Number of protein chains: 4
Amino acid sequence: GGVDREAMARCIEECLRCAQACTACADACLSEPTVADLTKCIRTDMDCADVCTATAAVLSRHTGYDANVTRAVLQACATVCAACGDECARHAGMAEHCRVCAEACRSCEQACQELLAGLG
Amino acid sequence: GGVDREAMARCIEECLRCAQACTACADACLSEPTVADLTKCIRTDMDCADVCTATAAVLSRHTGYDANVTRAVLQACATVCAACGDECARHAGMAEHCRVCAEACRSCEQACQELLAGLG
Amino acid sequence: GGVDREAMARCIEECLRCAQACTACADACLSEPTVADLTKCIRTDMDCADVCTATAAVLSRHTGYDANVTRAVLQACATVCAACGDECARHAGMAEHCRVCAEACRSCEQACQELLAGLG
Amino acid sequence: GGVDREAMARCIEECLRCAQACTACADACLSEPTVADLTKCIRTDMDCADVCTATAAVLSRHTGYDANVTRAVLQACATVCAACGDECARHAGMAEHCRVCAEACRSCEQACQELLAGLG
Ligand SMILES: [Cu+]
Ligand SMILES: [Cu+]
Ligand SMILES: [Cu+]
Ligand SMILES: [Cu+]
Ligand SMILES: [Cu+]
Ligand SMILES: [Cu+]
Ligand SMILES: [Cu+]
Ligand SMILES: [Cu+]
Ligand SMILES: [Cu+]
Ligand SMILES: [Cu+]
Ligand SMILES: [Cu+]
Ligand SMILES: [Cu+]
Ligand SMILES: [Cu+]
Ligand SMILES: [Cu+]
Ligand SMILES: [Cu+]
Ligand SMILES: [Cu+]
Ligand SMILES: [Cu+]
Ligand SMILES: [Cu+]
Ligand SMILES: [Cu+]
Ligand SMILES: [Cu+]
Ligand SMILES: [Cu+]
Ligand SMILES: [Cu+]
Ligand SMILES: [Cu+]
Ligand SMILES: [Cu+]
Ligand SMILES: [Cu+]
Ligand SMILES: [Cu+]
Ligand SMILES: [Cu+]
Ligand SMILES: [Cu+]
Ligand SMILES: [Cu+]
Ligand SMILES: [Cu+]
Ligand SMILES: [Cu+]
Ligand SMILES: [Cu+]
Ligand SMILES: [Cu+]
Ligand SMILES: [Cu+]
Ligand SMILES: [Cu+]
Ligand SMILES: [Cu+]
Ligand SMILES: [Cu+]
Ligand SMILES: [Cu+]
Ligand SMILES: [Cu+]
Ligand SMILES: [Cu+]
Ligand SMILES: [Cu+]
Ligand SMILES: [Cu+]
Ligand SMILES: [Cu+]
Ligand SMILES: [Cu+]
Ligand SMILES: [Cu+]
Ligand SMILES: [Cu+]
Ligand SMILES: [Cu+]
Ligand SMILES: [Cu+]
Ligand SMILES: [Cu+]
Ligand SMILES: [Cu+]
Ligand SMILES: [Cu+]
Ligand SMILES: [Cu+]
Ligand SMILES: [Cu+]
Ligand SMILES: [Cu+]
Ligand SMILES: [Cu+]
Ligand SMILES: [Cu+]
Ligand SMILES: [Cu+]
Ligand SMILES: [Cu+]
Ligand SMILES: [Cu+]
Ligand SMILES: [Cu+]
Ligand SMILES: [Cu+]
Ligand SMILES: [Cu+]
Ligand SMILES: [Cu+]
Ligand SMILES: [Cu+]
Ligand SMILES: [Cu+]
Ligand SMILES: [Cu+]
Ligand SMILES: [Cu+]
Ligand SMILES: [Cu+]
Ligand SMILES: [Cu+]
Ligand SMILES: [Cu+]
Ligand SMILES: [Cu+]
Ligand SMILES: [Cu+]
Ligand SMILES: [Cu+]
Ligand SMILES: [Cu+]
Ligand SMILES: [Cu+]
Ligand SMILES: [Cu+]
Ligand SMILES: [Cu+]
Ligand SMILES: [Cu+]
């Protein structure tokens, strides 16, 4: 009733974009010659993809809504997008794919934070 | 090497759109007064979301590509999209959400079939 | 280095048991004659399954560990297991499957809370 | 109606064990000094985890059962478990984690094949 439906739609779209960005980025870093130096990057992409996938699904459901569950899930997704954005940005100079993924992570972090702030 | 990269990108985009469409449609049918008549619809949406989520991830990875694995996953996703498209279309007259979801299912079925045809 | 490996293993096992319990319980309530009265139960089972699945995967990964990410994900999983345990317990008198699922939710809530408390 | 409920339960248990085994094995190979030689292994573990997760969910649902969907999902899971078992077995001598994971993959491949054989 107080919720911004536009911010909810933005969050769901960003979670799906960011899940796929991080799945692709984990795979792209796996195929880099410097893969041995990219292991935290790959791991954080895998976590970010898993949490964005779950968050998109939870936020897509309105039946028997529980703000406590939604808030806790958005907080988890904000936290991992923040971590994975920082990590991919550290490899921005190595490969465009990590620069691009850092942008996706930062965009989804913002969409989660904006929705979270408005749930009270 | 012989793969259509545009058809691969289309498949990944369609899997993510269709996963979310089916998650939302399962939830929408859950909230319908005639929910007791929509149980196969809700179940098939849940399967369709899970298989589209897995397929988008598998198709997003190029490292150590295996055509056997990719083909079998695309066949599963084509099969569930076909079934879930048929089921949601049965409720096209009841609610816009199922017509919309039927369109997403049929679109992703086609993207899986088009990519499958080109993998040999 | 400070982490309880036994509590970490318990959490991962409980997340996988609880994900499957809630997937089965969503489906079992969908097939109940009183399904119209079980819609919050089914929705909360779907969220609980999605978050337990993500949490099991995040907690299974040690490379480039980040306690902020792990803590936020465990908090989300504790919160949804608590909600889904409460909801399934409300239908304990209707069907053994919901009683059983309530027990699984409460067991995973405890395993998440116990691990969370020890991460500092 | 004709289905072996014991073989269905075995398949679901094996999918969840195998999903987690492959998630842990991807992470373990990520942390190996020879990670550059383990890239196909890590990728195949990621696919195997995603498909086992989806298969466990689909097989956990009985409402509006569709043998075509179930068969195609079990075929995908048998195919990726076979591929991931072969890949992890190649590193059986390098690390216990891959021998363990190879065993999980082979066990889940068998449970999928045994259930598939009985669905007609
Ligand atoms: Cu989101
Ligand atoms: Cu996200
Ligand atoms: Cu992402
Ligand atoms: Cu990348
Ligand atoms: Cu990357
Ligand atoms: Cu990276
Ligand atoms: Cu990365
Ligand atoms: Cu990421
Ligand atoms: Cu993410
Ligand atoms: Cu997200
Ligand atoms: Cu996120
Ligand atoms: Cu990242
Ligand atoms: Cu990258
Ligand atoms: Cu990256
Ligand atoms: Cu990213
Ligand atoms: Cu990334
Ligand atoms: Cu991310
Ligand atoms: Cu993200
Ligand atoms: Cu986000
Ligand atoms: Cu979000
Ligand atoms: Cu696709
Ligand atoms: Cu799809
Ligand atoms: Cu769909
Ligand atoms: Cu629906
Ligand atoms: Cu429906
Ligand atoms: Cu439906
Ligand atoms: Cu669907
Ligand atoms: Cu689908
Ligand atoms: Cu798909
Ligand atoms: Cu599909
Ligand atoms: Cu459907
Ligand atoms: Cu619908
Ligand atoms: Cu529908
Ligand atoms: Cu659909
Ligand atoms: Cu649908
Ligand atoms: Cu679908
Ligand atoms: Cu689909
Ligand atoms: Cu598709
Ligand atoms: Cu596809
Ligand atoms: Cu856990
Ligand atoms: Cu759990
Ligand atoms: Cu559960
Ligand atoms: Cu139940
Ligand atoms: Cu239930
Ligand atoms: Cu229930
Ligand atoms: Cu329930
Ligand atoms: Cu639950
Ligand atoms: Cu859960
Ligand atoms: Cu959990
Ligand atoms: Cu939980
Ligand atoms: Cu519950
Ligand atoms: Cu129940
Ligand atoms: Cu329940
Ligand atoms: Cu439960
Ligand atoms: Cu439950
Ligand atoms: Cu639960
Ligand atoms: Cu739980
Ligand atoms: Cu838990
Ligand atoms: Cu836990
Ligand atoms: Cu299985
Ligand atoms: Cu499996
Ligand atoms: Cu596995
Ligand atoms: Cu491994
Ligand atoms: Cu490996
Ligand atoms: Cu591996
Ligand atoms: Cu594997
Ligand atoms: Cu697997
Ligand atoms: Cu499986
Ligand atoms: Cu499998
Ligand atoms: Cu493997
Ligand atoms: Cu290994
Ligand atoms: Cu392995
Ligand atoms: Cu394995
Ligand atoms: Cu493995
Ligand atoms: Cu496997
Ligand atoms: Cu497996
Ligand atoms: Cu299996
Ligand atoms: Cu199986």
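Residues numbered from 1 in each chain as written, not as in the entry; some residues may be left out. Chains lettered and ligands numbered in written order. Heavy atoms only, no water.

- Its PDB header names X-ray crystallography as the technique used to obtain the model and reports a resolution of 1.1800 Å.

A closer look at the coordination of the copper ion (ligand 52)
Residues and elements named next belong to chain C.
At step 1: At the metal site, the copper ion (ligand 52) is ligated by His-97 (ND1) and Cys-98 (SG), and these contacts range over 2.2 to 2.3 Å.
At step 2: Metal-to-metal, the separation of the copper ion (ligand 52) and the copper ion (ligand 43) is 2.4 Å; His-97 coordinates the two.
At step 3: For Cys-98, a relative accessible area of 0% translates into the label buried. (Donors = N, O, S within 2.8 Å, 3.2 Å for Na, K, Ca; no water. Buried < 20%, exposed > 50% of the residue type's maximum accessible area, 1.4 Å probe, protein only.)

Remarks on the relation of the copies chain C and chain A
At step 1: Least-squares fitting of chain C to chain A yields an RMSD of 0.0 Å, with the transformation described by 0.0 Å of translation along the axis and a rotation of 180°. As the rotation angle and translation indicate, the two copies are arranged about a two-fold axis.
At step 2: By residue overlap, the copies meet face to face through one surface: 100% of the interface positions of chain C are interface positions in chain A. (Least-squares fit on C-alpha atoms. Contact = heavy atoms within 4.5 Å.)

Regarding the coordination of the copper ion (ligand 22)
Residues and elements named next belong to chain B.
At step 1: In the first shell of the copper ion (ligand 22), the protein supplies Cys-52 (SG) and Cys-108 (SG), at 2.1 to 2.2 Å from the metal.
At step 2: If you look at the copper ion (ligand 22) and the copper ion (ligand 21), they sit 5.1 Å from each other. Of the two residues, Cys-52 sits in helix α2 (residues 39–59) while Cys-108 sits in helix α4 (residues 96–117), which places them 56 residues apart along the sequence. For the residue pair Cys-52 and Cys-108, the accessibility class agrees, reading buried in each case. (Helix = DSSP H or I, 4+ residues; strand = E, 2+ residues; numbered from the N terminus.)

Some words on the relation of the copies chain A and chain D
At step 1: Each copy superposes on the other: chain A lies on chain D with an RMSD of 0.1 Å after a rotation of 179° and an axial shift of 0.0 Å.
At step 2: Here 100% of the contact residues of chain A are again contact residues in chain D; the copies associate through an equivalent surface.

A look at the pattern of salt bridges
At step 1: Per the stated rule, a full pass over the model turns up 28 salt bridges over all chains.
At step 2: Measuring nitrogen to oxygen at the nearest pair gives 3.0 Å for the salt bridge that ties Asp-86 of chain B to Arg-106 of chain B. With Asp-86 of chain B in helix α3 (residues 67–89) and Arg-106 of chain B in helix α4, the pair connects residues that are 20 residues apart, well separated along the chain.
At step 3: A salt bridge links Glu-87 of chain C to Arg-90 of chain C, with the shortest nitrogen-to-oxygen separation between them at 2.7 Å.
At step 4: Its relative accessible area of 6% is what places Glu-87 of chain C among the buried residues.
At step 5: With a relative accessible area of 55%, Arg-90 of chain C lands in the exposed category.
At step 6: Taken together, the shared-partner salt bridges connect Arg-43, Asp-47 and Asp-50 of chain A together with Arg-61 of chain C into one network. (Salt bridge = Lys/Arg side-chain N within 4 Å of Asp/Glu carboxyl O.)

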